[PDB]
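Before any questions on how it binds or moves, here is one chain, the form deposited in one PDB entry, in structure tokens.
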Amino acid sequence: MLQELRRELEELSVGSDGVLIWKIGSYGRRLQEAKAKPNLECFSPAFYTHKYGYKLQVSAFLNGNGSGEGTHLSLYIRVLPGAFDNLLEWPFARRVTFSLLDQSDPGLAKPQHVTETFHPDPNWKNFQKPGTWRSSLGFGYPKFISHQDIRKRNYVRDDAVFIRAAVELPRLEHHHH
């Protein structure tokens, strides 16, 4: 079926340091479609923070929404219902970094990524345990990058863009006892 294809798309990546790299291809056609249909939303494959961890999903508005409608690219992340939610602490409080990657060869010039970092609001409600609020609203930036800034370097290359969503590892001390 098509859920089988979605499953295989999800397995990149398995609980890998919270790092998802989402390639949005045919950039011009998707941008035209978004300009023709306001509030057109693209969805990344669902990805887990760690093995048996939080299930997250990144979404993008190529023509922007909210304060960025028509002028910017908008980036959001949302917690999804996961099979292991009962084994994780809530609310979700792991630091997240969005990045629009500069597709430049690292050997000829240092890339300048458009990077932003945020800490989940304990009161954002969506970062609370799934199934508590029967919003459904991702958290992020409506003005992540402007339409003019996205053409200023190698952000769009071969009609494709790269969005890197990295979730921070908590790191703790023992315990021991």
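Residues that one form lacks are left out of the comparison. Residue numbers run from 1 along the displayed sequence. Rigid core here is just the name for the largest C-alpha set that superposes within 1.5 Å across the two forms.
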*Decide, for the other PDB entries of this protein that were compared, whether residue 134 is missing from at least a third of their models.*
yes
*None, 1 to 3, 4 to 9, or 10 or more: how many residues of the deposited sequence lack coordinates between residue 134 and residue 135?*
4 to 9
_Regarding 146-154 and 118-126, which shows the higher C-alpha temperature factor on average in the entry?_
118-126
_Stretch exceeding the other in mean C-alpha B-factor - 162-170, 6-14_ = 6-14
*In terms of CA temperature factor as recorded, identify the highest of 67, 57, 26, 39.*
39
*Third assignment of residue 111 from its chain's C-alpha B-factors*: middle
_Chain third (lowest, middle, highest) by recorded CA B-factor, residue given as residue 138_ = highest
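Same protein, other form: the form deposited in another entry, not shown, and the subject of what follows.
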*Is residue 10 one of the residues whose C-alpha moves 2 Å or more between the shown form and the other one after the core fit?*
yes
*Since the C-alpha distance between residue 86 and residue 11 changes by 3 Å or more in the other form, give its direction relative to the shown form: closer or farther.*
closer
*asked:* Distance change of 3 Å or more between the C-alpha atoms of residue 8 and residue 86 in the other form: closer or farther compared with this structure?
replied: closer
_Rigid-core superposition between the shown form and the other one, with residue runs of at least 3 whose C-alphas all shift by 2 Å or more_ = 2-17
